[PDB]
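*Asks:* Can you read through this structure? Questions will come right after.
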Amino acid sequence: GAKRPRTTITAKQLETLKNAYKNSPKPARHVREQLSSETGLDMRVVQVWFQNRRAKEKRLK
Amino acid sequence: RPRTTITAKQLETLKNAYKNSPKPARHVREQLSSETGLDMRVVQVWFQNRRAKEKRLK
DNA sequence: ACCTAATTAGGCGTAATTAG
DNA sequence: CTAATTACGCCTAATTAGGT
């Protein structure tokens, strides 16, 4: 345990992620690193986001 | 329990803050809360009750 | 009687957590 | 990792207790 509150993403970081979601919806470490760098977000947030998007796109349909 | 008071000046800063952003993000609420000196509850509540007033007549 | 600022219970997205 | 669930934050609108 080490505190983990919500973030809120903004259309910009979102758009950047969505743009990065194409090309590779399952990015390895480096790609997530530079995405974190481009966005400022914590790695885990990028990761959990991508997980969630994969889940979302598979969710339907 | 308060009824945590308002003061003119803070409220001045506040309607001044109302412009540019009808309903802001936590950054705004924070720095605003700092300039005011009251808890985020206090800020969000006023913003809310203003959110339930501007439309009340409009 | 006004003013307003606090709950109060409810619904909505979706990030974060958990099961598996 | 996936697939399902939970928790949070973020907003509403109708009360609920204040104040000069």
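Going by the structure tokens order, chains are called A, B, ..., each with residues numbered from 1, while ligands are numbered from 1 in the order shown.
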Could you list, with a cut-off of 9 Å and counting only C-alpha atoms (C1' of nucleotides), the residues of chain D near chain A, each shown with its nearest atom pair and the distance in Å rounded to one decimal, rows sorted by chain and ascending number, as a Markdown table?
*Replies:*
```
| residue | atom | partner | partner_atom | distance |
| --- | --- | --- | --- | --- |
| D:2 | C1' | A:55 | CA | 7.9 |
| D:3 | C1' | A:55 | CA | 7.8 |
| D:8 | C1' | A:6 | CA | 6.7 |
| D:9 | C1' | A:6 | CA | 7.5 |
```
*Asks:* So that I have them on file, write out the residues from the current selection with N, CA, C and O atoms (P, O5', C5', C4', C3', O3' and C1' of nucleotides), as a CSV table (one decimal), in the first residue's frame.
*Replies:*
```
chain,number,residue,atom,x,y,z
D,2,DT,P,-4.5,-8.1,-21.9
D,2,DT,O5',-5.6,-9.1,-21.5
D,2,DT,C5',-5.6,-10.4,-22.0
D,2,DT,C4',-6.6,-11.3,-21.3
D,2,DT,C3',-8.0,-10.7,-21.4
D,2,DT,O3',-9.0,-11.7,-21.7
D,2,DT,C1',-7.4,-11.0,-19.1
D,3,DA,P,-10.5,-11.3,-22.3
D,3,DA,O5',-11.3,-11.3,-20.9
D,3,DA,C5',-11.4,-12.4,-20.1
D,3,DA,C4',-12.3,-12.2,-18.9
D,3,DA,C3',-13.6,-11.4,-19.2
D,3,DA,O3',-14.7,-12.0,-18.6
D,3,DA,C1',-12.3,-10.3,-17.5
D,8,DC,P,-12.7,4.8,-2.1
D,8,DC,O5',-12.6,5.9,-3.2
D,8,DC,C5',-11.4,6.0,-4.0
D,8,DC,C4',-11.7,6.8,-5.3
D,8,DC,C3',-12.0,8.3,-5.0
D,8,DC,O3',-11.1,9.1,-5.6
D,8,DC,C1',-13.6,7.3,-6.5
D,9,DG,P,-10.7,10.5,-4.9
D,9,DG,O5',-11.4,11.6,-5.9
D,9,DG,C5',-11.1,11.6,-7.3
D,9,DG,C4',-12.2,12.2,-8.1
D,9,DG,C3',-12.8,13.5,-7.5
D,9,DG,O3',-12.3,14.7,-8.2
D,9,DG,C1',-14.5,12.0,-8.4
```
*Asks:* For chain B, which residues have at least one atom within 12 Å of chain A, if we go by only C-alpha atoms? Write them as a PyMOL selection string, please.
*Replies:* chain B and resi 25-27
*Asks:* Residues of chain B within 8 Å of chain D, counting only C-alpha atoms (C1' of nucleotides), what are they? List them as a PyMOL selection string.
*Replies:* chain B and resi 2-3+52
*Asks:* Could you write out the selected residues, including N, CA, C and O atoms, as a tab-separated table (two decimals), in the first residue's frame?
*Replies:*
```tsv
chain	number	residue	atom	x	y	z
B	2	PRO	N	-20.92	25.64	11.13
B	2	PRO	CA	-20.86	26.62	10.03
B	2	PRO	C	-21.33	26.00	8.71
B	2	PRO	O	-21.27	24.77	8.64
B	3	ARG	N	-21.78	26.75	7.69
B	3	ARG	CA	-21.83	28.22	7.62
B	3	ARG	C	-20.46	28.85	7.87
B	3	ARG	O	-20.32	29.83	8.61
B	52	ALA	N	-26.13	25.78	-9.14
B	52	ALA	CA	-27.57	25.65	-8.94
B	52	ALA	C	-28.20	27.01	-8.68
B	52	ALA	O	-28.90	27.20	-7.69
```
*Asks:* For chain B, report every residue with an atom at most 9 Å from chain C (counting only C-alpha atoms (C1' of nucleotides)), formatted as a list in words.
*Replies:*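 The answer, sorted by residue number, is residues 1, 2, 3, 4, 5, 42, 45, 46 and 49 of chain B.
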*Asks:* Show me, as an mmCIF file with N, CA, C and O atoms, in the first residue's frame, every residue of chain A with an atom at most 12 Å from chain C, counting only C-alpha atoms (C1' of nucleotides).
*Replies:*
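Resulting contents of out-v4.cif:
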```
data_model
loop_
_atom_site.group_PDB
_atom_site.id
_atom_site.type_symbol
_atom_site.label_atom_id
_atom_site.label_comp_id
_atom_site.auth_asym_id
_atom_site.auth_seq_id
_atom_site.Cartn_x
_atom_site.Cartn_y
_atom_site.Cartn_z
ATOM 1 N N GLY A 1 0.814 -1.203 0.000
ATOM 2 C CA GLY A 1 0.000 0.000 0.000
ATOM 3 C C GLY A 1 0.850 1.255 0.000
ATOM 4 O O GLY A 1 1.853 1.330 0.710
ATOM 5 N N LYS A 3 -0.892 4.659 -1.248
ATOM 6 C CA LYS A 3 -1.808 5.678 -1.780
ATOM 7 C C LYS A 3 -1.955 5.611 -3.298
ATOM 8 O O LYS A 3 -0.968 5.636 -4.032
ATOM 9 N N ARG A 4 -3.197 5.547 -3.765
ATOM 10 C CA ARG A 4 -3.468 5.452 -5.194
ATOM 11 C C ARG A 4 -4.823 6.077 -5.547
ATOM 12 O O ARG A 4 -5.826 5.369 -5.646
ATOM 13 N N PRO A 5 -4.857 7.408 -5.735
ATOM 14 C CA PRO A 5 -6.088 8.119 -6.096
ATOM 15 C C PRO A 5 -6.265 8.270 -7.608
ATOM 16 O O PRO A 5 -5.319 8.030 -8.358
ATOM 17 N N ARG A 6 -7.460 8.663 -8.044
ATOM 18 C CA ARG A 6 -7.724 8.904 -9.461
ATOM 19 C C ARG A 6 -6.851 10.035 -10.001
ATOM 20 O O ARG A 6 -6.188 10.738 -9.236
ATOM 21 N N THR A 7 -6.867 10.213 -11.321
ATOM 22 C CA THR A 7 -5.974 11.162 -11.982
ATOM 23 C C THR A 7 -6.711 12.200 -12.823
ATOM 24 O O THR A 7 -6.470 13.396 -12.677
ATOM 25 N N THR A 8 -7.601 11.731 -13.697
ATOM 26 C CA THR A 8 -8.229 12.562 -14.732
ATOM 27 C C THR A 8 -7.170 12.877 -15.787
ATOM 28 O O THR A 8 -6.036 13.229 -15.456
ATOM 29 N N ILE A 9 -7.546 12.760 -17.056
ATOM 30 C CA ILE A 9 -6.562 12.585 -18.119
ATOM 31 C C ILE A 9 -6.428 13.764 -19.083
ATOM 32 O O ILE A 9 -5.353 13.990 -19.614
ATOM 33 N N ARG A 44 2.225 3.266 -14.236
ATOM 34 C CA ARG A 44 1.098 2.420 -13.867
ATOM 35 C C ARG A 44 -0.213 2.951 -14.447
ATOM 36 O O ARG A 44 -1.112 2.178 -14.782
ATOM 37 N N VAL A 45 -0.307 4.268 -14.585
ATOM 38 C CA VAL A 45 -1.513 4.906 -15.101
ATOM 39 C C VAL A 45 -1.610 4.653 -16.606
ATOM 40 O O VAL A 45 -2.676 4.292 -17.119
ATOM 41 N N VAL A 46 -0.488 4.813 -17.301
ATOM 42 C CA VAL A 46 -0.410 4.494 -18.725
ATOM 43 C C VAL A 46 -0.783 3.026 -18.945
ATOM 44 O O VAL A 46 -1.623 2.692 -19.796
ATOM 45 N N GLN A 47 -0.158 2.153 -18.159
ATOM 46 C CA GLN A 47 -0.368 0.720 -18.286
ATOM 47 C C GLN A 47 -1.830 0.359 -18.064
ATOM 48 O O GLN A 47 -2.472 -0.262 -18.920
ATOM 49 N N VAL A 48 -2.348 0.745 -16.905
ATOM 50 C CA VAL A 48 -3.736 0.470 -16.557
ATOM 51 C C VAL A 48 -4.676 1.042 -17.625
ATOM 52 O O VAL A 48 -5.671 0.399 -17.994
ATOM 53 N N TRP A 49 -4.364 2.231 -18.137
ATOM 54 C CA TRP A 49 -5.125 2.779 -19.258
ATOM 55 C C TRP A 49 -5.135 1.824 -20.452
ATOM 56 O O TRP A 49 -6.208 1.469 -20.954
ATOM 57 N N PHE A 50 -3.954 1.415 -20.913
ATOM 58 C CA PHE A 50 -3.885 0.538 -22.084
ATOM 59 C C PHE A 50 -4.636 -0.775 -21.853
ATOM 60 O O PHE A 50 -5.400 -1.226 -22.717
ATOM 61 N N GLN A 51 -4.423 -1.380 -20.688
ATOM 62 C CA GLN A 51 -5.206 -2.544 -20.274
ATOM 63 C C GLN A 51 -6.693 -2.269 -20.458
ATOM 64 O O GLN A 51 -7.417 -3.023 -21.114
ATOM 65 N N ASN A 52 -7.136 -1.166 -19.865
ATOM 66 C CA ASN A 52 -8.538 -0.782 -19.906
ATOM 67 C C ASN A 52 -9.037 -0.566 -21.328
ATOM 68 O O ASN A 52 -10.181 -0.904 -21.626
ATOM 69 N N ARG A 53 -8.197 -0.020 -22.208
ATOM 70 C CA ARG A 53 -8.616 0.184 -23.600
ATOM 71 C C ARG A 53 -8.738 -1.140 -24.345
ATOM 72 O O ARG A 53 -9.696 -1.343 -25.086
ATOM 73 N N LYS A 56 -11.826 -2.517 -23.195
ATOM 74 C CA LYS A 56 -12.930 -1.767 -23.798
ATOM 75 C C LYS A 56 -13.208 -2.197 -25.239
ATOM 76 O O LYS A 56 -14.348 -2.490 -25.594
#
```
*Asks:* Which of chain A end up as helix (DSSP H, G or I) when DSSP is run on this backbone - answer as a VMD selection string?
*Replies:* chain A and resid 10 to 21 29 to 39 43 to 59
*Asks:* Find the distance between CA of residue 58 in chain A and CA of residue 22 in chain A and write it in Å to one decimal.
*Replies:*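 We find that CA of residue 58 in chain A and CA of residue 22 in chain A lie 14.2 Å from each other.
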*Asks:* Quick one: residues within 12 Å of residue 15 in chain A, only C-alpha atoms (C1' of nucleotides), excluding same-chain residues fewer than 5 positions away - as an MDAnalysis selection string?
*Replies:* chainID A and resid 9:10 20:22 35 38:39
*Asks:* Can you spit out the residues from that selection as an mmCIF file, in the first residue's frame, using C-alpha atoms?
*Replies:*
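As written to disk, out-v6.cif reads:
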```
data_model
loop_
_atom_site.group_PDB
_atom_site.id
_atom_site.type_symbol
_atom_site.label_atom_id
_atom_site.label_comp_id
_atom_site.auth_asym_id
_atom_site.auth_seq_id
_atom_site.Cartn_x
_atom_site.Cartn_y
_atom_site.Cartn_z
ATOM 1 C CA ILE A 9 -6.562 12.585 -18.119
ATOM 2 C CA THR A 10 -7.480 15.611 -20.285
ATOM 3 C CA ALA A 20 -0.474 5.565 -29.555
ATOM 4 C CA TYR A 21 -3.202 2.936 -29.077
ATOM 5 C CA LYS A 22 -3.098 2.314 -32.816
ATOM 6 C CA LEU A 35 4.377 7.851 -23.582
ATOM 7 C CA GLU A 38 5.149 12.742 -23.480
ATOM 8 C CA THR A 39 2.150 12.840 -21.136
#
```
*Asks:* List the neighbours of residue 29 in chain B out to 12 Å using only C-alpha atoms (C1' of nucleotides); skip same-chain residues closer than 3 positions along the sequence, and give me the result as an MDAnalysis selection string.
*Replies:* chainID B and resid 14 17:18 21:26 32:47
